[PDB]
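Only one chain is given next, in structure tokens, and it is the form deposited in one PDB entry.
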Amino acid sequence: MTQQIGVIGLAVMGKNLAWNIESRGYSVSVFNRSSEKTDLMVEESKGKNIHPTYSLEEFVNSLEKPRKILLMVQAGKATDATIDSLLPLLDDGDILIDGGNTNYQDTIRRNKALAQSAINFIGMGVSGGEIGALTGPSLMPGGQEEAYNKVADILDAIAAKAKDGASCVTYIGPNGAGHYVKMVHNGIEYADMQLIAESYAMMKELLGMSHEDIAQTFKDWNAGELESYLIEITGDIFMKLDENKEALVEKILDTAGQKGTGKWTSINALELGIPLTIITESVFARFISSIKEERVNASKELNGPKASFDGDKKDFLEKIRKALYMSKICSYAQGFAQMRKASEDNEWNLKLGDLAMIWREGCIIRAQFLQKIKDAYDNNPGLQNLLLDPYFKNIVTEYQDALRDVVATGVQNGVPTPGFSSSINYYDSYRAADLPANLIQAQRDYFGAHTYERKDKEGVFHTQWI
């Protein structure tokens, strides 16, 4: 007569999560604003413990208490409108879980507002696409720790399982912490795709490789330290042919968009004073790709060198592999340094090792790589930068030669490598004891009397430079 958990929002994401929950033995009530999707789901859920409802009151009244409601509603105003319609119906102690791709500052606001009405609110990042939601996604719940423990068994049952049996879910932290790390996950994802895109650009523009050999190269890399879901599907993408038996990827319009959510990772890093150069270059690279009409016109006006390579191709192909691996290391080092700073500012007490562990499966950035990040934070929780961990330090110390040659060869041949370039520039800046910022300080004291410090003595100084 009463169901254990309810799901609001019966699009592809919400319906798959409801089926995921039901497949684990739980009874699920479902509701959608348009009853068209509810009637369809019953058509596809015969023999399953799915209880359809056609009103918010009947939905709320069909749930066990404390009520556990999963919100899979369109992000933004639509989520707030569903919340404000649920509040007069809920009782004290009920648990609301928002699983959309939400701005973490909205989760902070909703958590703070609903807490005043004795309502628990969990902002949960969900990664894995539509197939991940059905079989096992990576889950990043943040909010009241007490409320998470009431739904921990459910989230554990539906989450993806790593090879060691651990499910890809854990309590992230208070209020908006869960949606925050999901945002950083997307930013990290932007860099990974951009670094793969630059590897493909070098293979095509510089080495003149065909789509069959590009696919095999990515498959070969996927068998080693670079193994990841993104590298794996890239190998499949370069094997898909169209109707005329030609590579379909080469026919796709190269416009990535200007309205993605990856920019919010970069904006937050700028607010926190964190140098997130590689992800931000990846965001900007998507902006550049969207002005296709301007780029075509500019190509007829601004010339450049003719890309050519007269060395050993498979040896340079190995340098690109090493450049790709080291660049991702630098990119993750920046992303995890951002989360460390965000955790301190928001007092979230984030366990970054545990976060790397739940990204091993389920999510888009899943990679064998993430195991080494966990081990870095487990052998040194006070780690300030991943580049200092002995495993990553030994990799980048060796791989920098390949990254330097890949960047130098790309610049010399007119192939844009924004991710590779910012990675080596970050490595050379982070390891530099003395930077040319002393001249910037002198100029600021010159025209603005901003004063400066000295390595010589202590104190603050101001100088008449003329």
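All residue numbers are counted from 1 along the displayed sequence. Between two forms, the rigid core is defined as the largest C-alpha subset superposing within 1.5 Å. Only residues modelled in both forms are compared.
Although not depicted, the form deposited in another entry is the subject of the following passage.
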Listing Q74, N346, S117, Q258 as candidates, which single one shows a C-alpha movement of 2 Å or greater between the shown form and the other one when the core is held fixed? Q258
At a 2 Å cut-off on C-alpha positions, does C363 qualify as shifted between the shown form and the other one after fitting the rigid core? yes
Over in the other structure, so in the other form, do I288 and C363 pull closer or drift farther apart at the C-alpha level? The difference is 3 angstroms or more. farther
Taking the shown form as reference, are the C-alpha positions of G99 and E361 brought closer or pushed farther apart in the other form, with a change of 3 Å or more? farther
What runs of three or more residues stand out between the shown form and the other one, with each Cα shifted 2 Å or more once the rigid core is matched? 257 to 261, 357 to 368, 446 to 448
